[PDB]
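First up is the structure itself, then whatever we jot down about it.
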Amino acid sequence: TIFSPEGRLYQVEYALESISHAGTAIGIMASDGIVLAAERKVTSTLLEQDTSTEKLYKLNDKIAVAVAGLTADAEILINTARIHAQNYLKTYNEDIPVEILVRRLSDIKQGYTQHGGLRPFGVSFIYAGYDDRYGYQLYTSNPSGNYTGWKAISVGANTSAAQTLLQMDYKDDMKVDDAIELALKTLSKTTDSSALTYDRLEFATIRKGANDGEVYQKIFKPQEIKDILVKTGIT
Amino acid sequence: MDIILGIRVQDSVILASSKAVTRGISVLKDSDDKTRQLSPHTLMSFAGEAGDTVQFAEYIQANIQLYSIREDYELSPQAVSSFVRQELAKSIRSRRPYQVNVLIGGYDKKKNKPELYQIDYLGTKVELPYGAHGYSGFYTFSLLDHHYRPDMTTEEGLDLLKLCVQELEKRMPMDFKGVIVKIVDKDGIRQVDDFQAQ
Amino acid sequence: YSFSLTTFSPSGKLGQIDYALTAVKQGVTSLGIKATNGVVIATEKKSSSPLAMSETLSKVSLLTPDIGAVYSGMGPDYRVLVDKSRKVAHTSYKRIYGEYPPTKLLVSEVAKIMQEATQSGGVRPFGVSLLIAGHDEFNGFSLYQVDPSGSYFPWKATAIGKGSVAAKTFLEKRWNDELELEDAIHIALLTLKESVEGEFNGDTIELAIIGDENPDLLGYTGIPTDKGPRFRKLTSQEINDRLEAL
Amino acid sequence: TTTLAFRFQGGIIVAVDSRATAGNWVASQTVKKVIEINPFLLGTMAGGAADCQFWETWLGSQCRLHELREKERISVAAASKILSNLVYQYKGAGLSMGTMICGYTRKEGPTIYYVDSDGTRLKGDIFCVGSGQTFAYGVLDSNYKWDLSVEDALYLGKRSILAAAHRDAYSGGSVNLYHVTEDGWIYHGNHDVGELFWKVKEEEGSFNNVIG
Amino acid sequence: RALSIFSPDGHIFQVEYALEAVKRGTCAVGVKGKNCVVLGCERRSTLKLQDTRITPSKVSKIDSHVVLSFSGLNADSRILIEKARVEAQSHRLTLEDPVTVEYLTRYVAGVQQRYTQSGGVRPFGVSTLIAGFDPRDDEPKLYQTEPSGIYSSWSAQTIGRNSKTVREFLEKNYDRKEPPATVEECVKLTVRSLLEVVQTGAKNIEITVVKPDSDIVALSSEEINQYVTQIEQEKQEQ
Amino acid sequence: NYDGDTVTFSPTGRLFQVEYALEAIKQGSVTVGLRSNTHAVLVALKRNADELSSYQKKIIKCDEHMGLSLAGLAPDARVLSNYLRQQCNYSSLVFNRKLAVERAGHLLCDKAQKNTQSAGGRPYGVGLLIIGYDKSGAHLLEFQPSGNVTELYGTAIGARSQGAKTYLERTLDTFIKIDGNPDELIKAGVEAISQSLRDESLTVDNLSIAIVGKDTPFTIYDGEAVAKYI
Amino acid sequence: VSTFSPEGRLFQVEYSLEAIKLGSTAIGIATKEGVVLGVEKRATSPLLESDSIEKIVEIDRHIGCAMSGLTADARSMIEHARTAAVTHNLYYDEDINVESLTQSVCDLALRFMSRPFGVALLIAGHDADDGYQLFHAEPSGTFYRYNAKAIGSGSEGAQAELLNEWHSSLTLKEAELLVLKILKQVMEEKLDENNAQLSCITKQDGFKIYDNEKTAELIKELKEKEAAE
Amino acid sequence: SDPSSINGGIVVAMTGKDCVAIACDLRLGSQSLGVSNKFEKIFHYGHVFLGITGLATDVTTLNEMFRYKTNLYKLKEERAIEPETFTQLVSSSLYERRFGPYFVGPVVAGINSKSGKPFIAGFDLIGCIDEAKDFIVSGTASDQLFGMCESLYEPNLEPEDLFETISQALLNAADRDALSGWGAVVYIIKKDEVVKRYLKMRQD
Ligand SMILES: Cc1ccc(CNC(=O)[C@H](CCc2ccccc2)NC(=O)[C@H](CC(=O)NCC(C)(C)C)NC(=O)c2cc(C)on2)cc1
Ligand SMILES: [Mg+2]
Ligand SMILES: [Mg+2]
Ligand SMILES: [Mg+2]
């Protein structure tokens, strides 16, 4: 929580450094939806991938996050985010606008930046959400309390590599299925591992169902990831 | 009791509020505006205990104005009303509750529909085609039950109010010194100054 | 002393959590294996002297009638976490919903307590890793590992402490998704034989199962909707019976 | 007590009586019920003598503090609201006061606020406050014109207080007169009812209810 | 625990290092015309693939008549902006008048100052430009605050990376005798000054115009691009 | 490495922060105290920062029967004399009892002690001479920020205090007998304070005098009123 | 933060005083006809509007003060001083004594908030018992009365010139000129009405800050008086 | 001045064969004055239904509170709350305000998604649980409702028959109460679907 002679925040810099070793997560914003994909760092045959959750968390019915960093620090912040959403809904009888929830979380992080003598949370988030003001939105926050919005973005390990690729293949008039594909390809080329299997992945989409008028959050089952791997030719 | 009345026609909400302020044996003012603009499309009328009344309204006003600027966006009438309800429902169980009743009239631009909310000091909220606080409702509710129609024009709604006011000038014991009338539609909030002669 | 004793180093490591993991590394080995109708947790009762009474030490602890825990690293750190965990199962869950929490959520709460020791002022992280085995109506059987960071993960089978590396290996060869509980117990007994140096009998080995409901461990009859604890510690006599048929 | 303030062409007239009572006991006939806050600001007092005197003396302090902070005299709107907000904190604790804050500022012109311990705050052109209020309203409302000359407006205020001193048991003593213009307040003397009544009776030919 | 302390030379190093974070912050400028004030801010280059619809631009509304821009730590600025917005509403509520720009500046300056002398807090890595018009008044206003809590008004002023440079420009180009009597020639001077540091870009420069009686409009990429063209022409005409 | 805080002993059992606080006294302008059996006097040479400046006030009244002179940090004399005012006041209001000088001593010692034992705080950095007339006669006290207090017939503190402390150490049998004679005790005081001068001849602004006694309430003399003593 | 050096001074207090030496000059002169306070504006640039530089402030009608050092630190002292003067008037129906007001500000100063103030103050006023007065209030919590005093970067030089020029019958007009003079000498820039500011407090009229036009006339009168020898 | 009697209202719930029903009136009054005839007193959180009578402000507040809690519950537990469990949540949230209670009479109704076993329950204002297998009543016409149900009710009614029984109980109980009526809605609840019906009733 102190400044360097250069005007930088030691503990913050070092926290970003911590994150740079965490499994990669990618957010891609389409025209008709949003993709979240994330790579599980350190796996084993015995690790129970079925009843598992470590990188993709539901915040709300309209908002999900992807986590890079310390899992336990993340649960702390997810939990208070879930509560802030509910307070907003109780107060106003309207689901919380994505930006507002994101601003709140960033503010909490910024706090540890500026007072109390406690270590910052070693966590970066990608936020995928929908609201009636701006429709689909993608956000990112890191230990500095800073947040920004994106068409596509990545966090954790190998962001320079992954960033370049997304910049190369993303286009404004994309569709969700293409974004799913783009997400998988990008993780496919930045993995620190042999090849991309299903047990090393978490996957989620936010789509405005063509039959209805309401928004659906899907967190892909193990078998569903396995399938979406074959279609795009990674078998 | 002060008269606060509200009626929502097809394309607007109309608020009418008594102009008298009476302490004890004297009418101190005959031109009081018992209303605060919450946002350019949302208006609140209020009546109740002497000090509580304006302090509550100004407190709600400051909170709503602050939200507007933080988000550069106007909250929906529904949202504003849920905020007011919760505020009242908190106060009902505190050491000294606000003794204030309110009507919230707003035009929801996202839905293009006018909305009227009635809320008492306990935090009892309800959405209605017409509403009133205090003794007023005892005369006007039946009037409107009879003469009201969902698809009235703003001009029809004002003639309906004239009727409401007339009944209250005929049968109510206190001289409430006429009403101030205000319209909330797609274009915001204006004050009909022509009510003392029509 | 109101500042965090666990900070980030320039390499981005959190020193105290690493050192806590090292302490866990020196700990006696413990394991869990998930069967299709059960989970087993097991460890060695390292007697510091033969004068000490082995039974008087709970290395395997009941947290709720369907959730057990075992550990590696610092015994006293574990003992206070069991206490805080039992209490939180009540304050955060049973006193609210009138049922005991599901495994993942209790685990979640323990993880919370450990995370806090990673960040609050004036404290050091817990020097333990826990294996928490349990059952609940909606998720069935599960097994989770919790580390000094407050991180947790579900395993089909795993082992922690001293001889973990070799034991993870041995389990990997022996684990299939069709194991009966008695099979998982047997496998657990084998894995444990490799890590243990001296005597290897029922009085140096602690084992508990999360299995079927034990009506005769309930304390009362009358309410048939209540069937009793799934957690059961095996007796010294019951272990030896399964050792002779090695 | 009777206090009045009204607005007209030539600014603001402020008049008050000077009687303090405890039950039926007349405690004093020479009590100051106007506080001169700054050369452009006046406060009038009715209800509990202590409550008014204490809190309006304090009001002057908070007003001075504004002058130092913002390098500018406080507005009537803002001064009135300091008292109003204070008094609202105390609501229910039994404070008893009804006051008028009167003054001129360039942006506001002549302004009058009525503030009471209920927390009521009203802007207006004419107020009477206190146990004699209705006696003053009676005389004042039926002689009030916007275009009253300064000299006629001073008399009206004076006479309206006289009216209440006469009929209200809890009013009396003397009249204290103030005129508020662009240049600030001007004191227009202390007038003992003992003398004032007879003069006004003789000169105006009123008070025919009265013996000889 | 006292973090902002004095050193032997009589310097508060944390306050000093906070200034370094402002220096590292993207540039911001404000100039005040005869009947306007214009605020201009450069745009970063860490990555580009952003969504600009939702991402917070550099000029924040405090009340309907006052705006705030900053150079420095982005996260620190949100906190100062919130407190400023809360105070703005609070002043209306108790004084029945909106804040003067000077008052809102003194408030923000005070907050920054407070964080230079409290245990367990670090100063704000932020300097602000605060611009607008007092209620019912037409004389334009521009003020600067810094992490130490000092504040003052400026004919024109710049802060952030390469403000050193752009202050040089304005010092010879701004004539006190003749403030840019048009909204137009005010934006012109503001664009010229940013150009020296920005290295050509329409998606680089953003502009906001503030006029009396709560008249505040942001410009569009193209609207600015028109000034970009006429300035690069009149320099190439020589 | 052991002079960081007062909460720390050195290997030889010393408290350096206290010792350093004691040092601030030695930079204080000199002051003298002395008493017969019927009076007690404080003489305090005041120090000036510039020739245009005050010769800062070194004598503070504590009650009608008690007072003190300071050498060191003036703010600290203000904290402590204030506490002494309260303590003397409490004795009056609650017990209708004038506070014993000794009792003042014990109270100051205890206030100073706490500041030598807790982290975050710092020892007081001022020495005080305390005179009073109570129910057991005249009294002079010396307070050190270490929390040590001593009762003396006479003494001096501040820069070059040793001169006056030596003069008084010998003049003992001459002044202790100045009973019923006020002006002659002030004389002896002034005659003592000069044995520690060097700077100059003590002037009409240089000098500050305070007397308390049998039928004399504690009074401070400054300027024109002290002219007859130079 | 509350540590003693072996010399028995407070590290943080001594360093605070070093910060003050880096500040703009402030000079005060006390006469029998008033007390004058003057300051060096020191704009960090010609674009800065010099009239927005507030280094002489009113505390009450009878009390003004000039500052030098980290001037942002002085807001809370000025506020405390104003509150204290006003409160005293509320509780006692009179003007606070100048010394009492200074003592109250010095009391605030003692209250080691994470660090000492990085600003010294010249407090000038009048009162019936002790007449015209000048005080220097350091962040130590100590205060000193002076017939004349200077603080900030030009102080060592200025104090010597004040030693020469001061005598117990300086007229107010004489004293004003002296402030301008000594400021002209010690300022980096050439003294004019935009980078120096004069003020005084007289019993009859209270604390008044001189407007630029009135200061200019005094600068002109000063130049003319010196061009005689 | 009894907060239970200011606004008015009734809720009843009954079990049938592999189904449950919960019904309520629509009146919202202030004393004698009818104010709103569209004030529904039944809410749902997933497949769990909660009816609330009593002081209208507390009815609103309680629904909002239980929306909040069951939302968070769904997020953490990753499944919908069941009736048996929600009941315990209601109970403890009410008992938490033991010395400043919400003035309400809540009723729970739903089917257990695992057992298929139909479930109803009621509570007093401090969370005491009434667990009847047959019917639960609440509101200002509770006596009348008790009379109707004990008379009309039988075990194992088909959804279509249960609809008639519960409607007749409500409608006739309502009609002997000054403060209830002004409209009525009935929810028939089965494992698979839920039908909501608005009743035609006396508007006096
Ligand atoms: C300055 C000034 C004086 C008088 C007034 C007019 N008020 C009044 O005259 C009220 C009327 C009664 C009342 C009391 C409390 C609440 C409501 C009404 N009387 C009062 O407050 C009188 C004032 C009084 O007697 N003052 C003594 C002198 C200053 C004259 C020496 N006090 C009390 O009634 C009173 C009694 C007790 C017990 O505590 N206060 C206004 C302003
Ligand atoms: Mg009942
Ligand atoms: Mg009925
Ligand atoms: Mg009826």
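Labeling convention for the structure tokens: chains A, B, ... as they appear, residues from 1 per chain, ligands from 1 in order of appearance.
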May I ask you to write as a PyMOL selection string all residues lying at most 9 Å from ligand 4, with only C-alpha atoms and all ligand atoms counted? chain H and resi 32-34+178-179+182+203-204
Residue 87 of chain D environment, 12 Å, only C-alpha atoms, sequence neighbours closer than 6 positions dropped, as a PDB file with C-alpha atoms, in the first residue's frame:
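Saved the output as out-v5.pdb:
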ATOM      1  CA  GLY B  51     -41.340  18.741   9.579  1.00  0.00           C
ATOM      2  CA  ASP B  52     -40.969  15.160   8.389  1.00  0.00           C
ATOM      3  CA  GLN B  55     -37.157  16.604   5.035  1.00  0.00           C
TER       4      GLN B  55
ATOM      5  CA  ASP D  51     -34.805  27.907  23.211  1.00  0.00           C
ATOM      6  CA  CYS D  52     -35.095  30.911  20.891  1.00  0.00           C
ATOM      7  CA  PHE D  54     -29.894  30.121  22.721  1.00  0.00           C
ATOM      8  CA  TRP D  55     -30.415  28.701  19.271  1.00  0.00           C
ATOM      9  CA  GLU D  56     -30.659  32.016  17.438  1.00  0.00           C
ATOM     10  CA  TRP D  58     -25.940  30.178  17.931  1.00  0.00           C
ATOM     11  CA  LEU D  59     -27.457  30.822  14.500  1.00  0.00           C
ATOM     12  CA  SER D  80     -33.047  29.871   7.821  1.00  0.00           C
ATOM     13  CA  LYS D  81     -32.161  26.288   6.864  1.00  0.00           C
ATOM     14  CA  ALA D  93     -37.282  16.342  22.680  1.00  0.00           C
ATOM     15  CA  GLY D  94     -39.662  19.194  23.559  1.00  0.00           C
ATOM     16  CA  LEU D  95     -38.055  22.331  22.072  1.00  0.00           C
ATOM     17  CA  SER D  96     -40.633  25.068  21.636  1.00  0.00           C
ATOM     18  CA  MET D  97     -40.013  27.870  19.145  1.00  0.00           C
ATOM     19  CA  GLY D  98     -41.535  29.715  16.199  1.00  0.00           C
ATOM     20  CA  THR D  99     -39.237  32.144  14.460  1.00  0.00           C
ATOM     21  CA  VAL D 115     -39.159  28.354  10.968  1.00  0.00           C
ATOM     22  CA  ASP D 116     -40.669  26.452  13.896  1.00  0.00           C
ATOM     23  CA  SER D 117     -39.563  23.607  16.175  1.00  0.00           C
ATOM     24  CA  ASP D 118     -41.868  21.210  14.351  1.00  0.00           C
ATOM     25  CA  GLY D 119     -39.276  21.605  11.598  1.00  0.00           C
ATOM     26  CA  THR D 120     -41.612  23.623   9.387  1.00  0.00           C
ATOM     27  CA  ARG D 121     -39.804  26.008   7.041  1.00  0.00           C
TER      28      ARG D 121
END
Compute the set of protein, DNA and RNA residues whose minimum atom distance to ligand 3 is at most 6 Å, using only C-alpha atoms and all ligand atoms, and state it as number ranges by chain. H: 174-181
Output file for the selection above: N, CA, C and O atoms, as an mmCIF file, in the first residue's frame:
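Okay, result_10.cif is ready:
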data_model
loop_
_atom_site.group_PDB
_atom_site.id
_atom_site.type_symbol
_atom_site.label_atom_id
_atom_site.label_comp_id
_atom_site.auth_asym_id
_atom_site.auth_seq_id
_atom_site.Cartn_x
_atom_site.Cartn_y
_atom_site.Cartn_z
ATOM 1 N N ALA H 174 -64.202 -15.633 2.813
ATOM 2 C CA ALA H 174 -64.053 -14.239 2.464
ATOM 3 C C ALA H 174 -65.352 -13.484 2.690
ATOM 4 O O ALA H 174 -65.339 -12.373 3.229
ATOM 5 N N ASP H 175 -66.471 -14.087 2.296
ATOM 6 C CA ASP H 175 -67.722 -13.343 2.243
ATOM 7 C C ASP H 175 -68.320 -13.056 3.615
ATOM 8 O O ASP H 175 -69.236 -12.257 3.731
ATOM 9 N N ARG H 176 -67.780 -13.686 4.650
ATOM 10 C CA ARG H 176 -68.147 -13.375 6.021
ATOM 11 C C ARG H 176 -67.111 -12.482 6.715
ATOM 12 O O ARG H 176 -67.150 -12.305 7.936
ATOM 13 N N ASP H 177 -66.175 -11.937 5.940
ATOM 14 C CA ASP H 177 -65.168 -11.035 6.468
ATOM 15 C C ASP H 177 -65.235 -9.661 5.807
ATOM 16 O O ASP H 177 -65.204 -9.530 4.581
ATOM 17 N N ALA H 178 -65.297 -8.637 6.640
ATOM 18 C CA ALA H 178 -65.364 -7.266 6.173
ATOM 19 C C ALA H 178 -64.101 -6.842 5.441
ATOM 20 O O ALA H 178 -64.156 -6.039 4.514
ATOM 21 N N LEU H 179 -62.964 -7.385 5.866
ATOM 22 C CA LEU H 179 -61.660 -6.898 5.423
ATOM 23 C C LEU H 179 -60.999 -7.730 4.326
ATOM 24 O O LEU H 179 -59.997 -7.311 3.739
ATOM 25 N N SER H 180 -61.576 -8.893 4.042
ATOM 26 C CA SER H 180 -61.119 -9.722 2.938
ATOM 27 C C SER H 180 -62.018 -9.639 1.710
ATOM 28 O O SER H 180 -63.092 -9.060 1.762
ATOM 29 N N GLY H 181 -61.556 -10.231 0.611
ATOM 30 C CA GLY H 181 -62.343 -10.345 -0.602
ATOM 31 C C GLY H 181 -61.794 -9.436 -1.673
ATOM 32 O O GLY H 181 -60.586 -9.263 -1.770
#
When the cut-off is 8 Å and you count only C-alpha atoms and all ligand atoms, which residues lie near ligand 2, shown as number ranges by chain? H: 4, 105, 138-143
Could you pull the residues within 7 Å of segment 107-115 of chain H, counting only C-alpha atoms, minus those fewer than 5 positions along the same chain, as a ChimeraX atom specification? /H:13,20,22,47-52,82-83,87,120-123,191
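The coordinates place atom CA of residue 197 of chain E at 13.7 Å from atom CA of residue 228 of chain E.
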Counting only C-alpha atoms and all ligand atoms, what are the residues, protein, DNA or RNA alike, that approach ligand 1 to within 7 Å? I want them as a VMD selection string. chain D and resid 1 19 to 23 27 to 28 31 to 33 45 to 50 52 to 53 96
Can you write out the residues you just picked, keeping N, CA, C and O atoms, as a short mmCIF file (atom, residue, chain, number, x, y, z; two decimals), in the first residue's frame?
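Wrote it out as part-v5.cif, contents follow:
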data_model
loop_
_atom_site.label_atom_id
_atom_site.label_comp_id
_atom_site.auth_asym_id
_atom_site.auth_seq_id
_atom_site.Cartn_x
_atom_site.Cartn_y
_atom_site.Cartn_z
N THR D 1 -46.80 36.32 23.28
CA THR D 1 -45.89 36.93 22.26
C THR D 1 -46.63 37.20 20.97
O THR D 1 -47.44 36.40 20.52
N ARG D 19 -43.03 41.13 25.88
CA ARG D 19 -43.48 40.47 27.12
C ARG D 19 -43.04 39.00 27.27
O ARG D 19 -43.17 38.18 26.34
N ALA D 20 -42.53 38.67 28.46
CA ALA D 20 -42.25 37.28 28.81
C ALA D 20 -43.10 36.89 30.00
O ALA D 20 -43.18 37.64 30.98
N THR D 21 -43.73 35.73 29.93
CA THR D 21 -44.57 35.22 31.00
C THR D 21 -44.15 33.82 31.44
O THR D 21 -43.58 33.05 30.65
N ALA D 22 -44.43 33.50 32.70
CA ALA D 22 -44.36 32.13 33.22
C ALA D 22 -45.69 31.86 33.89
O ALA D 22 -46.02 32.47 34.91
N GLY D 23 -46.47 30.96 33.31
CA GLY D 23 -47.88 30.82 33.67
C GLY D 23 -48.59 32.16 33.51
O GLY D 23 -48.53 32.79 32.45
N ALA D 27 -43.29 38.03 33.68
CA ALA D 27 -41.91 37.93 34.14
C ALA D 27 -41.10 39.16 33.78
O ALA D 27 -40.22 39.59 34.53
N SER D 28 -41.42 39.75 32.63
CA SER D 28 -40.75 40.95 32.18
C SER D 28 -41.57 41.64 31.10
O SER D 28 -42.27 40.98 30.32
N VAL D 31 -38.28 42.77 27.04
CA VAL D 31 -37.49 41.66 26.57
C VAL D 31 -37.25 41.81 25.07
O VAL D 31 -38.13 42.24 24.33
N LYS D 32 -36.04 41.49 24.62
CA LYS D 32 -35.68 41.70 23.23
C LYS D 32 -36.02 40.47 22.42
O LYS D 32 -35.43 39.42 22.62
N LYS D 33 -36.98 40.58 21.52
CA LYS D 33 -37.42 39.40 20.78
C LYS D 33 -36.96 39.43 19.34
O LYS D 33 -37.38 38.62 18.53
N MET D 45 -38.27 35.93 17.73
CA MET D 45 -38.36 34.86 18.70
C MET D 45 -39.77 34.70 19.27
O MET D 45 -40.40 35.68 19.68
N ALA D 46 -40.27 33.46 19.30
CA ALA D 46 -41.55 33.14 19.95
C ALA D 46 -41.56 31.70 20.43
O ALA D 46 -41.06 30.80 19.75
N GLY D 47 -42.15 31.49 21.60
CA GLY D 47 -42.18 30.19 22.24
C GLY D 47 -41.30 30.29 23.46
O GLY D 47 -41.33 31.29 24.17
N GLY D 48 -40.50 29.25 23.70
CA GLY D 48 -39.62 29.22 24.86
C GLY D 48 -38.52 30.24 24.69
O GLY D 48 -37.80 30.22 23.67
N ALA D 49 -38.40 31.12 25.68
CA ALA D 49 -37.41 32.21 25.66
C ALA D 49 -35.99 31.67 25.55
O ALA D 49 -35.20 32.15 24.71
N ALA D 50 -35.66 30.67 26.36
CA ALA D 50 -34.34 30.05 26.33
C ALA D 50 -34.06 29.43 24.96
O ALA D 50 -33.05 29.72 24.35
N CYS D 52 -35.29 29.91 21.93
CA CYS D 52 -35.10 30.91 20.89
C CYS D 52 -33.78 31.61 21.09
O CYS D 52 -32.94 31.61 20.21
N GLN D 53 -33.60 32.19 22.26
CA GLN D 53 -32.43 32.99 22.56
C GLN D 53 -31.14 32.18 22.33
O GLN D 53 -30.22 32.65 21.66
N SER D 96 -39.44 24.30 21.94
CA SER D 96 -40.63 25.07 21.64
C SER D 96 -40.24 26.44 21.11
O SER D 96 -39.81 27.32 21.86
#
Quick one: residues within 10 Å of segment 127-137 of chain G, only C-alpha atoms counted, chain neighbours fewer than 6 positions away excluded, as a ChimeraX atom specification? /F:53-54 /G:28-37,62-67,95-99,102-103,105-106,109,119-121,143-151,201-203
If you run DSSP on the backbone here, which positions in segment 29-183 of chain H get strand (DSSP E or B)? Please write them as number ranges by chain. H: 29-30, 33-36, 42-45, 48-54, 104-111, 118-123, 129-130, 135-139
Residues near segment 134-145 of chain F, anyone? I mean within 8 Å using only C-alpha atoms, not counting same-chain ones fewer than 2 positions away, as a PyMOL selection string. chain F and resi 18+21-22+33-40+65+98-101+105+108-109+112+123-132+147-155+213-214
Compute the set of chain A residues within 7 Å of chain C, using only C-alpha atoms, and express it as a VMD selection string. chain A and resid 11 14 to 15 17 to 18 46 to 48 52 71 to 73 117 to 119
Would you put the residues from that selection into a file with N, CA and C atoms, as a PDB file, in the first residue's frame?
ATOM      1  N   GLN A  11       2.997  -3.808  -3.991  1.00  0.00           N
ATOM      2  CA  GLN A  11       2.168  -4.990  -3.765  1.00  0.00           C
ATOM      3  C   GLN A  11       1.218  -5.286  -4.918  1.00  0.00           C
ATOM      4  N   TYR A  14       3.270  -6.765  -7.830  1.00  0.00           N
ATOM      5  CA  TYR A  14       3.650  -8.118  -7.470  1.00  0.00           C
ATOM      6  C   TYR A  14       2.454  -9.058  -7.558  1.00  0.00           C
ATOM      7  N   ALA A  15       1.256  -8.513  -7.354  1.00  0.00           N
ATOM      8  CA  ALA A  15       0.022  -9.294  -7.449  1.00  0.00           C
ATOM      9  C   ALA A  15      -0.309  -9.640  -8.905  1.00  0.00           C
ATOM     10  N   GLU A  17       1.863  -9.956 -11.100  1.00  0.00           N
ATOM     11  CA  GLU A  17       2.894 -10.938 -11.347  1.00  0.00           C
ATOM     12  C   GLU A  17       2.416 -12.333 -10.952  1.00  0.00           C
ATOM     13  N   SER A  18       1.814 -12.448  -9.775  1.00  0.00           N
ATOM     14  CA  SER A  18       1.211 -13.703  -9.321  1.00  0.00           C
ATOM     15  C   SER A  18       0.204 -14.246 -10.316  1.00  0.00           C
ATOM     16  N   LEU A  46      -6.848 -38.095 -11.498  1.00  0.00           N
ATOM     17  CA  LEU A  46      -7.652 -38.308 -10.303  1.00  0.00           C
ATOM     18  C   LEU A  46      -8.498 -37.101  -9.878  1.00  0.00           C
ATOM     19  N   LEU A  47      -8.152 -35.914 -10.370  1.00  0.00           N
ATOM     20  CA  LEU A  47      -8.902 -34.701 -10.060  1.00  0.00           C
ATOM     21  C   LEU A  47     -10.316 -34.797 -10.624  1.00  0.00           C
ATOM     22  N   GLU A  48     -11.308 -34.580  -9.764  1.00  0.00           N
ATOM     23  CA  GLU A  48     -12.717 -34.772 -10.114  1.00  0.00           C
ATOM     24  C   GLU A  48     -13.254 -33.590 -10.913  1.00  0.00           C
ATOM     25  N   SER A  52     -16.987 -30.129 -10.341  1.00  0.00           N
ATOM     26  CA  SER A  52     -15.919 -29.146 -10.158  1.00  0.00           C
ATOM     27  C   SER A  52     -16.262 -27.761 -10.714  1.00  0.00           C
ATOM     28  N   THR A  71      -7.657 -18.750  -6.072  1.00  0.00           N
ATOM     29  CA  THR A  71      -9.034 -19.210  -5.934  1.00  0.00           C
ATOM     30  C   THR A  71      -9.763 -18.715  -4.674  1.00  0.00           C
ATOM     31  N   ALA A  72      -9.099 -18.769  -3.523  1.00  0.00           N
ATOM     32  CA  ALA A  72      -9.764 -18.463  -2.251  1.00  0.00           C
ATOM     33  C   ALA A  72     -10.008 -16.973  -2.085  1.00  0.00           C
ATOM     34  N   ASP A  73      -9.087 -16.154  -2.586  1.00  0.00           N
ATOM     35  CA  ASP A  73      -9.271 -14.705  -2.609  1.00  0.00           C
ATOM     36  C   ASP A  73     -10.473 -14.370  -3.480  1.00  0.00           C
ATOM     37  N   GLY A 117      -3.299  -1.542   5.538  1.00  0.00           N
ATOM     38  CA  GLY A 117      -2.115  -2.419   5.648  1.00  0.00           C
ATOM     39  C   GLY A 117      -2.310  -3.918   5.368  1.00  0.00           C
ATOM     40  N   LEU A 118      -3.372  -4.280   4.646  1.00  0.00           N
ATOM     41  CA  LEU A 118      -3.576  -5.678   4.257  1.00  0.00           C
ATOM     42  C   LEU A 118      -3.220  -5.909   2.789  1.00  0.00           C
ATOM     43  N   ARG A 119      -2.772  -7.118   2.474  1.00  0.00           N
ATOM     44  CA  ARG A 119      -2.378  -7.445   1.112  1.00  0.00           C
ATOM     45  C   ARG A 119      -3.572  -7.383   0.159  1.00  0.00           C
TER      46      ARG A 119
END
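Counting only C-alpha atoms and comparing A:116, A:99, A:10, A:29, the residue that lies closest to residue 121 of chain E is A:116.
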